[PDB]
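The chain that follows stands alone, in the form deposited in one PDB entry, written as structure tokens.
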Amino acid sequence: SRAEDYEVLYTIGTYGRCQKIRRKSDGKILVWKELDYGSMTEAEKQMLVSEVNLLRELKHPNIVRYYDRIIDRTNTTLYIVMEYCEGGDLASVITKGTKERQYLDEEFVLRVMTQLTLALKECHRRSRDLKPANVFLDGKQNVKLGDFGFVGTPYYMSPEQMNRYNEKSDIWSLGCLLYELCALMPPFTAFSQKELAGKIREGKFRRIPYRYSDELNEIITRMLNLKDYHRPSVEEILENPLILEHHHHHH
């Protein structure tokens, strides 16, 4: 639990700085998030301490794992140490498919659907945005939900979270994410949020590309029902014949 115990390999991204690191003792590959709390109030640091302790409370194969926290009071820097996911985030995968003009395999979409649905179920059980930038791939085809720790348009904003949220709002968002994985675009696009809001209330979107089975289109479509009570539950999603053992996590 000391900075010197790890060695930085290189910076991945720059609230702070994310770095790929190696634990000296066993040579394990990890990452840490680098935060400068130097300018924080005692209050802001109090909320940060309790947010970080909530990261520690969740151990699930489909949720990005927390390992450690290092305080360096000399540089007023705080490091959050977590799982390295070698395949990166889903935003990149989607962007890479848009440009290489190549759609993702149904088998891949089935993996994301199964494993995100299980990550969700685990979150609800303890009572995290479901956007592509916060979903990660490890080296073995496993999917992991991370956590995020005005300009943007809220493509995944559910009908109910628009007209003032429950567990079925999470299902809508999962619907929007699987949809974008399939079509390489969100179900509802627009230039403003008022336009967006317009399209969402009509509840109309294009069928996902025809290379995807009717079965996969059906389930994604159900998640995007305007009525939360017509959207399938976590349990009803996993009961779907499409979802097979090999779509689940594997060590």
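Here the rigid core means the biggest group of C-alpha atoms that line up within 1.5 Å when the two forms are laid on top of each other. Note that residue numbering begins at 1 and tracks the sequence as displayed.
Missing here is the form deposited in another entry; even so, the following discussion is about that form.
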request  = Considering only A190, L226, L48, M185, single out the residue whose C-alpha is displaced by at least 2 Å between this form and the one not shown after superposing the rigid core.
outcome  = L48
key: Core fit, then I80 C-alpha moves 2 Å or more between this form and the one not shown   = yes
query = Does the distance between the two CA positions of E215 reach 2 Å or more between this form and the one not shown, the core being superposed?
reply = no
message = Superposed on the rigid core, does the Cα of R201 end up 2 angstroms or more away between this form and the one not shown?
response = no
